[PDB]
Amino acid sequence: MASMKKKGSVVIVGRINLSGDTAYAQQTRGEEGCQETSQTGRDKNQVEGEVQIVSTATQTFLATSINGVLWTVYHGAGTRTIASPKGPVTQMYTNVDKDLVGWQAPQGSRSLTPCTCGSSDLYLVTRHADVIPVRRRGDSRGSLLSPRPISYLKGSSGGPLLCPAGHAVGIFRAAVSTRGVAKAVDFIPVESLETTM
């Protein structure tokens, strides 16, 4: 019992900048600082933007602020705390049945607005700042207009699907593939988040 370890915190290591004319990834912390922040849970870096790049000791993925909650996937974060300036912060939402977790949105982040447009013309934002057109096909499904190898989507779970107006429509959860080519995506609809709150 004395030699039992504690898993580290999720750590913000960068962001996807959607501010201006061009989307681009920014890194805010390197691997050594990430590993240390994961163990202490103390992250004093300023946070900005809507889409964060996050990492554990073993995985990296995305997390998206909607309505004052930083949302991501359970298969990335598990039940882990997130590092913050005052120490590890416990999850405010955990739903393994939805592959969904959330923490209070960090001070300085901006939140996306939940979409009420009812539009089926969506855009998936990846960890490489690709903005991928996706046609909505169901409550939790959308097809890529231009399929591509799943490699290009790996590490983007927790990223947003946006409507034409830039509202949040869902959180990227899984990729549907044939012969390694992603033809469709599975996502947590924003309404499932809004119900969870």
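Throughout, we count residues from 1 along the sequence that is shown.
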(message) Quick check on the record: does 154 to 162 or 26 to 34 carry the larger mean Cα temperature factor?
(response) 26 to 34
(message) Please compare 62 to 70 with 41 to 49 and name the stretch with the higher mean C-alpha B-factor in the deposited structure.
(response) 41 to 49
(request) Could you say which of 102, 88, 78, 118 has its CA atom at the highest B factor, as listed in the PDB entry? (result) 118
(message) Based on the deposited C-alpha B factors for this chain, I'd like to know if residue 173 is in the lowest, middle or highest third.
(response) lowest
(message) Split into thirds by Cα B-factor across the chain's modelled residues, where does residue 133 land: lowest, middle or highest?
(response) middle
(request) Relative to the other modelled residues of the same chain, rank the CA B-factor of residue 15 and answer lowest, middle or highest third. (result) lowest
(request) Give the position of residue 144 by CA B-factor within its chain, expressed as the lowest, middle or highest third. (result) middle
(message) Ranking every modelled residue in this chain by its Cα temperature factor as given in the entry, which third contains residue 184?
(response) middle
